[PDB]
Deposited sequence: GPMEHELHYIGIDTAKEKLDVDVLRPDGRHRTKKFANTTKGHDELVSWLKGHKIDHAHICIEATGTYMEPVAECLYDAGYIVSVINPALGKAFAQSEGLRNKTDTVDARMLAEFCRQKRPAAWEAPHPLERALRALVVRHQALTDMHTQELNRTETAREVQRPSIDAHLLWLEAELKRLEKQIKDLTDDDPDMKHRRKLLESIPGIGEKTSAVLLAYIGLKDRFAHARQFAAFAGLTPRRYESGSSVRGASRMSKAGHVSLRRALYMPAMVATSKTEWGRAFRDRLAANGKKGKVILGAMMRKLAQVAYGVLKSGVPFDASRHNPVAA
């Protein structure tokens, strides 16, 4: 079993093979379909058939090669780059370069033996991509709303025209998201379950489903709450900002306008917890209950809370 580190750039890949005997092989390739084919050929040239490959999440530039190698039948791991940075310090490395990084990742692979990565399902990719786009538009819409607050009259026609366009485009995406989940029987069913939770509506169900996926890739609900960056350490914030930010207003609605939410808010209020601290707790609770309800396969039952 070989261990292979790949350092990724926009244009090139730097590869470092760590042989069982402990010697290294190194080569650069273009970060292209042609380059990826050269890489697989080169590995099978040196009779490397069984290998565990470690690569860092580097924008989207690592994705095609990771899929390529997975299909070629290698174990691929895509690591959070924070882990790689800490690892480099733990090895007492005194430089940061492409070849240094590729070698660091081969050692990471051997010592840590990280979990294997799976390529997401085409629909999972699509839904995530629509949810991320929708959030980008929403942010732009908010920028333009803030501007109306202090805008001069000559500026105001421009801002208004833009707000109309952005409102129409947001509505179009929402329908494109709905069509996606309605067409897949699994997603249609899983979305209907998420919405049964009081405090979770159309917008938040699509976000939750985008990050949970089609399958139950988490063993326990609390792992998904950790995934979102919501568990205390202060909150870790070791997780997707986009998932975490999407739960804040659902938390307020829950703690304010639902039976199970108010019950939770009061119990923590009694123990002398401040406004946001409760919302923090409710965010973590919504994440956990959302995953729980999907495992159960059954509508939200308030009796459990």
| property | result |
| --- | --- |
| Segments lacking C-alpha coordinates (deposited sequence numbering, starting at 1) | 1-6, 240-251, 324-328 |
